[PDB]
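Report on the following structure.
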Number of protein chains: 2
Amino acid sequence: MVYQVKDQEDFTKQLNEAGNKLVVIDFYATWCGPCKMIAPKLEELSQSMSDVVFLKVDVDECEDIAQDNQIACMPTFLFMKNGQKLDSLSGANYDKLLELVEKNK
Amino acid sequence: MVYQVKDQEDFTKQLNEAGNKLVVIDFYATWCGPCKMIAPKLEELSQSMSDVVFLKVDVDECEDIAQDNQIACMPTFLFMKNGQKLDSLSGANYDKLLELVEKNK
């Protein structure tokens, strides 16, 4: 299940609730084609991988969060663990996403 | 100066107002660092070149325009002339931007 972050406070809570699990964050916009293309794949992955936390941030709803993470090319996937940045992926390359998940959990 | 497109009707109005001139449209977001860094360069180009018209579209304010032009990266530059799309440029690559301007104007 890919949880939709409501705001900065909610974002912090989710990163805390993750504990020591890898967190994958999808920064997306509803007007972005590639974002909508990869969203179902992220949902499917999140249903199987109970040991990775999957989040999504709508940049139009959470502009403050988008600005904090230097987002530019969408979708952007940020990889975090224990509240700390590990990696980042620009674009909807599912194979690269899997390689980064494999590396980082 | 770079005119901010207000909506879809305003976009058509600006494209008409440009006459035969090349139009460069900057799709941007206020949360995007690279957009902010190149914005002043576009202002200078706008003030300097009288045979090119420069426009900007805030994707947060005109999500419909963003979707219809299939923006995915910020900033994205669309190059139009007499209503026709000639080229597109993803990212804040000023040299490539200048290149597409000299070529299409």
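Starting from 1 in every chain, residues are counted up; chains themselves are A, B, ... following the order of the structure tokens, and ligands are numbered from 1 as listed.
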
Taking only C-alpha atoms into account, which residues of chain A are within 6 Å of chain B, as a PyMOL selection string?
chain A and resi 31-32+60+67+72-74

For a quick check: superposing chain B on chain A using all C-alpha atoms in order, what RMSD comes out?
0.4 Å

Between A:38, A:25, A:52, A:18, which is the closest to residue A:95 once you count only C-alpha atoms?
A:38

Within 10 Å of residue B:20, counting only C-alpha atoms, which residues qualify if same-chain residues fewer than 6 places away don't, as a ChimeraX atom specification?
/B:51-53,80-83,105

Selection from above, N, CA, C and O atoms, as a CSV table (one decimal), in the first residue's frame, can you write it?
chain,number,residue,atom,x,y,z
B,51,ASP,N,12.9,39.7,-31.4
B,51,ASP,CA,12.3,38.8,-32.3
B,51,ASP,C,11.9,37.5,-31.7
B,51,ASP,O,11.6,36.5,-32.4
B,52,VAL,N,12.0,37.4,-30.4
B,52,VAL,CA,11.5,36.2,-29.7
B,52,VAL,C,10.6,36.6,-28.5
B,52,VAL,O,10.9,37.6,-27.9
B,53,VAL,N,9.5,35.9,-28.3
B,53,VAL,CA,8.6,36.2,-27.2
B,53,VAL,C,8.8,35.1,-26.2
B,53,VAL,O,8.8,33.9,-26.5
B,80,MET,N,7.6,27.4,-29.9
B,80,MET,CA,6.5,27.4,-30.8
B,80,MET,C,6.7,28.6,-31.8
B,80,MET,O,7.3,29.6,-31.4
B,81,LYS,N,6.2,28.5,-33.0
B,81,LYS,CA,6.2,29.5,-34.0
B,81,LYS,C,5.0,29.4,-34.9
B,81,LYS,O,4.8,28.3,-35.4
B,82,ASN,N,4.2,30.4,-35.0
B,82,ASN,CA,3.0,30.4,-35.8
B,82,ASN,C,2.1,29.2,-35.4
B,82,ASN,O,1.4,28.6,-36.2
B,83,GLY,N,2.0,29.0,-34.1
B,83,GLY,CA,1.1,28.0,-33.5
B,83,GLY,C,1.6,26.5,-33.6
B,83,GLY,O,1.0,25.6,-33.1
B,105,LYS,N,14.3,31.0,-34.6
B,105,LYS,CA,13.8,32.3,-34.6
B,105,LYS,C,13.9,32.9,-36.0
B,105,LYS,O,13.4,34.0,-36.2

Going by DSSP on the backbone, which residues of stretch 9-101 of chain B come out as helix (DSSP H, G or I)? List them as JSON, numbers by chain.
{"B": [9, 10, 11, 12, 13, 14, 15, 16, 17, 33, 34, 35, 36, 37, 38, 39, 40, 41, 42, 43, 44, 45, 46, 47, 48, 63, 64, 65, 66, 67, 68, 94, 95, 96, 97, 98, 99, 100, 101]}

Based on the selection just made, write N, CA and C atoms of those residues as a compact mmCIF listing (two decimals), in the first residue's frame.
# COMPACT_ATOMS: atom_id res chain seq x y z
N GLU B 9 -7.08 30.12 -22.33
CA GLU B 9 -7.49 31.16 -23.27
C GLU B 9 -6.38 32.20 -23.40
N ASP B 10 -5.77 32.54 -22.27
CA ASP B 10 -4.67 33.50 -22.24
C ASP B 10 -3.47 32.97 -23.02
N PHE B 11 -3.29 31.65 -23.02
CA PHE B 11 -2.20 31.03 -23.77
C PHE B 11 -2.41 31.27 -25.27
N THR B 12 -3.63 31.05 -25.75
CA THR B 12 -3.94 31.30 -27.16
C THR B 12 -3.75 32.77 -27.51
N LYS B 13 -4.15 33.65 -26.60
CA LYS B 13 -4.03 35.09 -26.82
C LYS B 13 -2.58 35.51 -26.98
N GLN B 14 -1.71 34.93 -26.17
CA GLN B 14 -0.29 35.27 -26.22
C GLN B 14 0.35 34.72 -27.48
N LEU B 15 -0.06 33.52 -27.89
CA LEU B 15 0.46 32.91 -29.10
C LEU B 15 0.05 33.73 -30.33
N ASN B 16 -1.16 34.28 -30.30
CA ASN B 16 -1.63 35.17 -31.36
C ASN B 16 -0.87 36.49 -31.35
N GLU B 17 -0.72 37.07 -30.17
CA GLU B 17 0.01 38.33 -30.00
C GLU B 17 1.47 38.24 -30.48
N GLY B 33 14.25 24.46 -7.63
CA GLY B 33 15.51 25.18 -7.61
C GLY B 33 16.07 25.60 -8.95
N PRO B 34 16.26 24.64 -9.88
CA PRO B 34 16.79 24.97 -11.21
C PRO B 34 15.91 25.97 -11.97
N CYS B 35 14.60 25.94 -11.75
CA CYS B 35 13.71 26.92 -12.36
C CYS B 35 14.03 28.34 -11.89
N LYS B 36 14.26 28.48 -10.59
CA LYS B 36 14.56 29.77 -10.00
C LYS B 36 15.91 30.30 -10.46
N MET B 37 16.86 29.40 -10.66
CA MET B 37 18.21 29.79 -11.04
C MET B 37 18.30 30.28 -12.49
N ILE B 38 17.46 29.73 -13.36
CA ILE B 38 17.49 30.12 -14.77
C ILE B 38 16.52 31.26 -15.09
N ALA B 39 15.54 31.47 -14.21
CA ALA B 39 14.56 32.54 -14.40
C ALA B 39 15.16 33.92 -14.72
N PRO B 40 16.22 34.34 -13.99
CA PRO B 40 16.79 35.64 -14.35
C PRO B 40 17.44 35.64 -15.73
N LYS B 41 18.01 34.51 -16.16
CA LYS B 41 18.62 34.44 -17.49
C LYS B 41 17.56 34.64 -18.57
N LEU B 42 16.38 34.09 -18.34
CA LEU B 42 15.28 34.23 -19.28
C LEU B 42 14.78 35.67 -19.33
N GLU B 43 14.77 36.33 -18.18
CA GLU B 43 14.40 37.74 -18.11
C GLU B 43 15.32 38.60 -18.98
N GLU B 44 16.63 38.35 -18.90
CA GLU B 44 17.60 39.10 -19.71
C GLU B 44 17.41 38.84 -21.19
N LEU B 45 17.25 37.56 -21.54
CA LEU B 45 16.98 37.18 -22.93
C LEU B 45 15.71 37.86 -23.41
N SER B 46 14.70 37.90 -22.55
CA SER B 46 13.42 38.52 -22.88
C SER B 46 13.58 40.01 -23.17
N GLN B 47 14.37 40.67 -22.33
CA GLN B 47 14.62 42.10 -22.45
C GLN B 47 15.49 42.41 -23.67
N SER B 48 16.35 41.47 -24.02
CA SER B 48 17.35 41.70 -25.07
C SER B 48 16.88 41.37 -26.48
N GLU B 63 -2.34 23.40 -14.21
CA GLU B 63 -2.11 21.96 -14.32
C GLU B 63 -2.64 21.38 -15.63
N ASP B 64 -3.71 21.97 -16.15
CA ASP B 64 -4.30 21.54 -17.42
C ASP B 64 -3.35 21.76 -18.59
N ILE B 65 -2.70 22.92 -18.60
CA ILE B 65 -1.72 23.24 -19.62
C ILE B 65 -0.52 22.30 -19.52
N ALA B 66 -0.08 22.03 -18.30
CA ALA B 66 1.04 21.12 -18.07
C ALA B 66 0.74 19.72 -18.62
N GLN B 67 -0.45 19.21 -18.33
CA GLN B 67 -0.85 17.88 -18.77
C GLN B 67 -0.99 17.80 -20.29
N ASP B 68 -1.60 18.82 -20.88
CA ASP B 68 -1.81 18.84 -22.33
C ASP B 68 -0.51 19.01 -23.11
N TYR B 94 20.94 26.16 -20.37
CA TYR B 94 20.89 27.46 -21.03
C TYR B 94 21.55 27.46 -22.42
N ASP B 95 22.64 26.72 -22.57
CA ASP B 95 23.33 26.68 -23.85
C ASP B 95 22.48 26.03 -24.93
N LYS B 96 21.88 24.90 -24.59
CA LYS B 96 20.98 24.21 -25.51
C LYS B 96 19.77 25.10 -25.81
N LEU B 97 19.31 25.84 -24.80
CA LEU B 97 18.17 26.75 -24.97
C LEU B 97 18.50 27.84 -25.98
N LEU B 98 19.65 28.48 -25.80
CA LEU B 98 20.12 29.52 -26.71
C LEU B 98 20.25 28.95 -28.12
N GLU B 99 20.74 27.72 -28.19
CA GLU B 99 20.94 27.03 -29.46
C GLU B 99 19.62 26.84 -30.22
N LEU B 100 18.59 26.40 -29.51
CA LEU B 100 17.28 26.19 -30.12
C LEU B 100 16.61 27.52 -30.47
N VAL B 101 16.93 28.56 -29.72
CA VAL B 101 16.45 29.90 -30.05
C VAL B 101 17.06 30.42 -31.35

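What separates atom CA of residue A:84 from atom CA of residue A:56 is a distance of 16.7 Å.
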